Amino acid sequence: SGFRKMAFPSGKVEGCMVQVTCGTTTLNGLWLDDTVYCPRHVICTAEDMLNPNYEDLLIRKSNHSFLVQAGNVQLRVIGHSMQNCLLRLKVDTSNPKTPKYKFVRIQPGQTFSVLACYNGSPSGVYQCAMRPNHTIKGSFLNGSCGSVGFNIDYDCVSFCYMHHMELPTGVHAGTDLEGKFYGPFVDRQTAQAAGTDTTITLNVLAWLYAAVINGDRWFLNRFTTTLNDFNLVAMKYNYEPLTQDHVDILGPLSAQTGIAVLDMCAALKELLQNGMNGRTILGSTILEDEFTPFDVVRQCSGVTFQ
Ligand SMILES: *C(=O)[C@H](C[C@@H]1CCNC1=O)NC(=O)[C@H](CC(C)C)NC(=O)[C@@H](NC(=O)c1cc2ccccc2[nH]1)C(C)C
């Protein structure tokens, strides 16, 4: 029993973190086989960052403009290219600790673990949700760029995020491991704001199913609702509309609890309209939206506390 925001064991990823220096800028890189991936703004000076032309900045560098350090071992750069907002540095050694891996671009609402690193050295692990507005609420200081987000399936690390910047509201933006940003953001120290955000309805619902699987039913009710009548309540409270696809995804959790999806939607509508009345759900006083249906099935027991 219990329910916590759980990150994946970070071991396979720790063995891939290195340090990349260029000029006076130092950040982290990701060392898979004979390539190190890192944000391209590593090549910027402080004044380059306000309006950089990376194509022009990069052609002014050679292989030995880049210092790559793996623990105490220096790695020699033997090639370099720009892929979108990343640099790919080819090195003379292939990482013996390279795990089975993929590069994946995640969808909004999905979760992943972040390994926060400084100077190529892991320092912390926590779980994040890609928000609807394509930011994450991370915890990043100076020197954190090149930290990666990932999921682990079996033995395969699915890298899905690399960190680049912090927005004025204190939230974070970055790219997939092909260098394409999530959201409309660019790696420039310009005026850039997060779009308005929304609550991830599919995740709130999945977490109510988690609460029932762990033996709590106090928030349920005798009513039901149509998809359309729920979405009028969703609009009022700044929740994403629920689609038939979301209902289908919640199918297995509905089967393990015997609570029909639209019956749970009626429960949520009631929670939104009436509040929680000083009570908690899985230890929380608010409706939690950073757990996917996959997160719930992963963490919860397959047997309901009936
Ligand atoms: C990576 O090393 C570093 C990590 C941030 C430092 C603090 N917390 C972080 O996550 N990222 C950077 O330094 C960015 C460099 C590239 C984008 C070229 N720069 C920033 O993150 C600054 N970036 C902004 O984008 C910014 C400032 C600003 C002011 C008004 C309106 C919009 C707006 N965007 C940060 C302020 C540190």
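Start at 1 and go down the list; that is how both ligands and their atoms are numbered. For the single chain, residues carry numbers from 1 onward in sequence order. No hydrogens, no waters, no symmetry mates; every other heavy atom, side chains included, goes into these values.
For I59, the CD1 atom counts as loosely surrounded, since its 6.0 Å shell holds 12 or fewer non-hydrogen atoms of other residues, nucleotides or ligands. Applying the 6.0 Å contact sphere to NZ of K5 captures more than 12 heavy atoms from other residues, nucleotides or ligands. Around atom CZ of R298, more than 12 heavy atoms belonging to other residues, nucleotides or ligands sit under 6.0 Å away.
For the residue pair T198/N238, the side-chain donor-acceptor check at 3.5 Å is satisfied.
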Can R131 and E290 be said to form a salt bridge (charged side-chain N to carboxylate O under 4.0 Å, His left out), step by step? CA-CA 9 Å; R131 302 299 314 167; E290 301 229 321; 3.0 Å; yes
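Figure legend: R105 and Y182 shown as a cation-pi pair, the cationic atom lying under 6.0 angstrom from the six-membered ring centre and within 45 degrees of its axis.
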Write out each pair where an N or O from ligand 1 and one from the protein are under 3.5 Å apart, with the distance.
residue, atom, partner, partner atom, Å
ligand 1, 2 (O), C145, N, 3.4
ligand 1, 8 (N), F140, O, 3.3
ligand 1, 8 (N), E166, OE1, 3.0
ligand 1, 10 (O), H163, NE2, 2.7
ligand 1, 11 (N), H164, O, 2.8
ligand 1, 21 (O), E166, N, 3.2
ligand 1, 34 (N), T190, O, 3.1

